[PDB]
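Shown here is one chain on its own, the form deposited in one PDB entry, set out as structure tokens.
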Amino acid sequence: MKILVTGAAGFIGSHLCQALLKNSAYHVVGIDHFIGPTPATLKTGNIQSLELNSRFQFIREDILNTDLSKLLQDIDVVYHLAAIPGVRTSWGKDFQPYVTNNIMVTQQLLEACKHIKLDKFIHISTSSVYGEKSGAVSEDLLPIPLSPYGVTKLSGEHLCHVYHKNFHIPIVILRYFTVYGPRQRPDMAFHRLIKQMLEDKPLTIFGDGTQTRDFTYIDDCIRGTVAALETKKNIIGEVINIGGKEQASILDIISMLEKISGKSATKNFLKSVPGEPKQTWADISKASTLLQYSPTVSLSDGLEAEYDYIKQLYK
């Protein structure tokens, strides 16, 4: 099976390529031109290591600059992870790249997929499409994003439904909830907080720290994502939440990190940022039914891994 992974040099993409290549039957093409919040210097190593594998090819190009007819001619499955992420940096003059890379890129990929017969077009979306909801959110809820980021990701899901209904492109949408672990982007909370804790710097907390997320450990995320390819169930046209084992507040996380580090952290409480919900909580029942998804990694185990990864990164 030949698989295209867009955004292959990113946090999730690099882990996904590594996981797919463990199956000797899979061939993977990664495309990435090293934009968004993570500097390229943190991405090249993982790509060089994947390129040692005879079943991996990398294309360092913008999807919008690429001949997508050439790229897709021998592709069975597309994992579409390329995007500009980041709820908090999607305002004002920063918005245009979210539209170009989250909407125009998705449209161009789907147009190119009209001219081939994919098995699956697996589109990665976000809990950010939901906005503020009470209770565990299921995939049938009316989504009302709270951020410009969330809006652009929701437009990407809508484009998938347009091309599925009109042209039978075999879309599947995965909505990830706050993924963490080794290689987590440097703009994300855990990466920042652990880095600050290791440096004996005040921990930057947006608002009062009581906000909660359905944090998804990267290995859980990737097992669900691979299950979207490998399931025997017909999942075409389905939106599927991929969420974590354990929901927690930012204050809860900081306590767990203090127990792991033996540090006593100073807190710097900053003004809450527009665009962010107080709570995310996935109903992952549909993923259980369709993918046999069940997250297995506890926050203490996942935070141990990320702590060791960050400690080594800044050593």
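Numbering starts at 1 and follows the sequence shown. We call the rigid core whatever largest set of C-alpha positions still superposes within 1.5 Å between the two forms.
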Using the B-factors recorded in the PDB entry, average over the C-alpha atoms of 216 to 224 and of 232 to 240, then report which stretch comes out higher.
232 to 240
Which is higher on mean Cα B factor in this entry, 7 to 15 or 293 to 301?
293 to 301
Per the PDB entry, which option out of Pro186, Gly86, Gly150, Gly209 has the greatest Cα B factor?
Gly86
Highest Cα B-factor in the PDB entry belongs to which of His80, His164, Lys133, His158?
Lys133
Third of chain Cα B-factors occupied by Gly92:
highest
Name the third of the chain's ranked CA B-factors that contains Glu276, choosing lowest, middle or highest.
highest
Using the B-factor values recorded in the entry, state whether the Cα atom of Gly36 falls in the lowest, middle or highest third among the modelled residues of its chain.
middle
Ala112's Cα B-factor: lowest, middle or highest third of the chain?
middle
Would you mind ranking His27 by its C-alpha B-factor against the rest of the chain and naming the third, lowest, middle or highest?
lowest
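In what follows, reference is made to the form deposited in another entry, a form of this protein that is not presented.
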Using a core superposition, identify the member of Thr212, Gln108, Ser155, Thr100 whose Cα displacement between this form and the one not shown reaches 2 Å or more.
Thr212
After the core is overlaid between this form and the one not shown, has the C-alpha of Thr38 moved by 2 angstroms or more?
no
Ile47: with the rigid core matched between this form and the one not shown, does its Cα shift 2 Å or more?
yes
